[PDB]
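Enquirer: requesting a structural model of the entry that follows:
(one chain, ligands or ions: 1)
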Amino acid sequence: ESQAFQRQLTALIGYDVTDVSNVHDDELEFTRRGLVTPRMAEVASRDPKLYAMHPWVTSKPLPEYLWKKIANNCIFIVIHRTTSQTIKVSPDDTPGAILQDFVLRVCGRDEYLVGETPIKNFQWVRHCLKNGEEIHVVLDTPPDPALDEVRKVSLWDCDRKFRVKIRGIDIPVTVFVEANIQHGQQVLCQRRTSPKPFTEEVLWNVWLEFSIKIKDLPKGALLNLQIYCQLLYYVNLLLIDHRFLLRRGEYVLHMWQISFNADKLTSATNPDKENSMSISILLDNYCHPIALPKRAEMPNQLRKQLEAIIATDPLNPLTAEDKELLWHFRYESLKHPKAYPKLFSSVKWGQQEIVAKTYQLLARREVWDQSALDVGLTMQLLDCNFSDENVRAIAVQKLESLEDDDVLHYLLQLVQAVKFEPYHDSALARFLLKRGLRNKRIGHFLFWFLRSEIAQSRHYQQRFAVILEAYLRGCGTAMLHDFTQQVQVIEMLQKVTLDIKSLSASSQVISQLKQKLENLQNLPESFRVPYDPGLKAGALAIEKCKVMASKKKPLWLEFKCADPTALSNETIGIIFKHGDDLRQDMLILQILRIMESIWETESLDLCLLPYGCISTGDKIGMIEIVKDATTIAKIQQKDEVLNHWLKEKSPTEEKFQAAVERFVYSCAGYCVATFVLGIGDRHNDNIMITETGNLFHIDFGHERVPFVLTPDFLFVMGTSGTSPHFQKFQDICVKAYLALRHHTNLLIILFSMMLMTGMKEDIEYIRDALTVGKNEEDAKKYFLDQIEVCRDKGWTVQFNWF
Ligand SMILES: Cn1c(=O)n(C2CCOCC2)c2c3cc(-c4cccnc4)ccc3ncc21
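Expert: Residues are numbered from 1 along each chain as shown. This is the structure:
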């Protein structure tokens, strides 16, 4: 009756929030309760007119390469209604001024040109100008905002030393327990139990007295229990709870097994109980509830020493002297926003006094607030190394400066960063709740970015599910309708992918596929595309649908577009795959999209193709089909072969000369990008190219060479084992490489988090690849040398690949 809505949300999320069986406290229920207010606040504050039409706009400057297309200076936008007419408009002209009521929707898209924004500052206008396409719009009627209607004793006096009683470890099928007090990645104090023979049950009943006191336990503290026999099981328990109270009583904790990592920081217990390892522990209880309460300059030499510490890379660890230097002169270090991550590492979190000294130091934020926004440091303070609620919130406060365009560039990386938050309700989760609820595009990607983890991560599904339910409860009836239509389709397409895979390691398979898709089309008739929400896919082209030939078996699906106002009847091609982890490809594609923005600021377009890719469920998702594209393997199935393929598929010579240029930029782009990320040693079948000349890597799901610059690519430029194109390539390569190096800290910390949340020494790769330390001229030469490593090898490495 009154519960029907929750069972609808339950099916959208893919996990039950009301079901509380793997919970030892009430944090999820308390954060479900606490999340109501920032949803109520956002639902109410959003302009219902601009919420319904979600104009995807930017406040960033129009790039160098895009002002080349505009001349007079005017742009042509063709308005449709059967009868169409072109209108010459100034780049700085508002959409209403063009209209001279009615709205300017994009043809075949739920994309609109609205608000007090210049047309040059629209993401669809910039997109068309980049791709050299016409701006086809339609004089449509604004959508009803009615469709989005939303349904409605003190701690610092407990000077006693802390202790935990290790009762034992009950397991269904030598060993010792390692008890740790943790804050960030920094272990405060360790204690082990005496080794005992490994059996079905191992009792100890011994108390482990720690060096740290109750008073000195920081908000965010963790009792991390580990089972060593060398590490085999782990579990965590927040010593300070959500209601600021120290943990008391008996706790049985089901432990996570093994095979550093974000999964190893989780406060959640293992849901499996009949097969998992447990741990009975006792925590000292009291009659009254224990509750946590709330100059000189610097000499020229010690200034230079501190300046060198700030200027180093994030991965560079601080010594004991570096930590003392930074802490003593914290008031100076506070006047340099770049020192904050390193300074907040230098503080002794296991000392109530040193913590209180930081908390009051942070009240002098006049300098941090007034600073120019840096995503680098903001992401730095949100990682595993920072467990303090206050420090993290200073980073979340800067995320408010980010306009909807930028929130989209880091939505996935911010969603992952929630894994490092000690408590469920956090400034970050709330931040992602505001931005998702304010914007429909952000909200759509939020849904899928959260649903990605809820369905595959047993470690963080609990936390993420309460954040999804909170977003869902405020998006409005329209988005809730759209998501049911997406869930219903992917859940339908999930069975088909799995049933077909359970028939192969042919005509039988291809007939059985259409035999199943037939009893599927007879709901829904339309659904938004999870990786491109503007595009609405209609009914299937069941005759075009096939099962793909590789080691894995994906579903090549083609859907007609639901919008009849579309320019072409070109179907929407979607790959539905199983057995591969799309969570890592999502992460790689995101850094690629970030790299492009870095190049945009530096006035460069390296023509990357970061194809839509959404992780949907348990090792299953969907991938965008790139139209008129094939792999290098299919083009070979040597030197001449690619340039012969480009001319052959090219209509005019004008278009071919465009095809070789689109090749040099995209090739240089994938050369710099895949090198930095360390995914350049890839097989020919994992490198694609459009009939337009647009090259792009794929299958990112986890002798040597730095990148792929084979002779067939070189022959396209006009070189065999210099050229006017190869010189243009080398120059744009360096120009692109040096741009990414200006954002070292950003890339370093983006990669670091990517590793921990998606997948110590492995991370160190970007230090060397982004040539940390070396000057602008030394890096130019270093990259040009890596070009020559590909020239020397040629077909060697490509041949080596089995
Ligand atoms: C025409 N055509 C293909 O043949 N294929 C492939 C199918 C699987 O064998 C490799 C080639 C693709 C595409 C494959 C991906 C992709 C698939 C899995 C992982 N990462 C990326 C993306 C876009 C694509 N577009 C077009 C297209």
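
Enquirer: quick check, the residue in the stretch 651-800 of the chain closest to the ligand?
Expert: residue 698 (3.5 Å; C-beta to the nearest ligand atom). The C-beta positions use only the backbone N, C-alpha and C, and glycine is treated the same way.

Enquirer: for that residue, give its distance to residue 534.
Expert: 23 Å (C-beta to C-beta, to the nearest Å).

Enquirer: ok, back up a step: how many other residues sit next to the residue of the stretch 651-800 of the chain closest to the ligand?
Expert: 18 (other C-beta atoms under 10 Å).

Enquirer: before we move on, what about residue 788?
Expert: By the measure other C-beta under 10 Å, the count of residues near residue 788 is 12.

Enquirer: walking through the stretch 251-400 of the chain, point out its strands one by one.
Expert: Secondary structure of the stretch 251-400 of the chain (DSSP state E, counting those that start in this stretch): strands at 256-257, 280-283.

Enquirer: any buried residues in stretch 686-702, and which?
Expert: 686-700 (16 or more other C-beta atoms under 10 Å).

Enquirer: what parts of the chain come near the ligand?
Expert: Counting by C-beta under 6 Å from any ligand atom, the chain comes close to the ligand at 548, 550, 575, 577, 585, 611, 623-626, 629-631, 685, 698-699.

Enquirer: pull out the buried members of those.
Expert: By 16+ other C-beta under 10 Å, these give 575, 577, 585, 611, 623, 624, 626, 629, 631, 685, 698, 699 as buried.

Enquirer: taking the residues you listed together, which two end up most distant?
Expert: 624 and 685 (18.0 Å; C-beta to C-beta).

Enquirer: from residue 658, how far out is whichever residue of the stretch 101-250 of the chain sits closest to the ligand?
Expert: Minimum separation of the stretch 101-250 of the chain from the ligand (C-beta to the nearest ligand atom) falls at residue 131, amounting to 16.9 Å. As judged by C-beta to C-beta, residue 131 and residue 658 stand 12 Å apart.

Enquirer: which one's more surrounded, these two?
Expert: Shown here are residue 131 and residue 658; by other C-beta under 10 Å, residue 658 has more neighbours (15 against 9).

Enquirer: and the helix or strand encompassing that one, what's buried?
Expert: If you go by DSSP states H and E, residue 658 is part of helix 653-677. By 16+ other C-beta under 10 Å, the buried positions in helix 653-677 come out as 655-656, 659-660, 662-677.

Enquirer: show me the contacts for residue 3.
Expert: Neighbouring residues of residue 3 by C-beta atoms under 8 Å, 6 or more residues apart in numbering: there are none.

Enquirer: secondary structure element for the residue of the stretch 501-650 of the chain found nearest the ligand?
Expert: Residue nearest to the ligand within the stretch 501-650 of the chain: residue 626 (3.8 Å; C-beta to the nearest ligand atom). Using DSSP H and E, residue 626 sits in no helix or strand.

Enquirer: A strand includes residue 165, no?
Expert: Yes. With DSSP: H, G, I helix; E, B strand; the rest coil as the criterion, residue 165 is part of a strand.

Enquirer: which one is it nearest to, not counting chain neighbours?
Expert: residue 282 (3.7 Å; C-beta to C-beta, 6 or more residues apart in numbering).

Enquirer: what does stretch 765-783 contact?
Expert: Counting by C-beta under 8 Å, 6+ apart, 313, 315, 672, 675-676, 678, 733-734, 737-738, 740-741, 744, 747-748, 751-752 sit against stretch 765-783.

Enquirer: go again with 7 Å.
Expert: With contacts defined as C-beta atoms under 7 Å, 6 or more residues apart in numbering, stretch 765-783 is touched by 313, 315, 675-676, 678, 733-734, 737-738, 741, 744, 747-748, 751.

Enquirer: so which of these wins on neighbours?
Expert: For these, neighbours tallied by other C-beta under 10 Å; top is residue 733, 25 neighbours.

Enquirer: now it. Nearest residue, chain neighbours left out?
Expert: That would be residue 668: by C-beta to C-beta, 6+ apart, it lies 4.6 Å from residue 733.

Enquirer: and if you look at residue 499?
Expert: residue 516 (6.9 Å).

Enquirer: residue 497 is in contact with that neighbour, correct?
Expert: No. Checked against C-beta atoms under 7 Å, the pair residue 516 and residue 497 is beyond contact range at 10.4 Å.

Enquirer: of these two, which one has the most company?
Expert: Set side by side, residue 516 and residue 497 show more neighbours around residue 497, with 23 against 15, by other C-beta under 10 Å.
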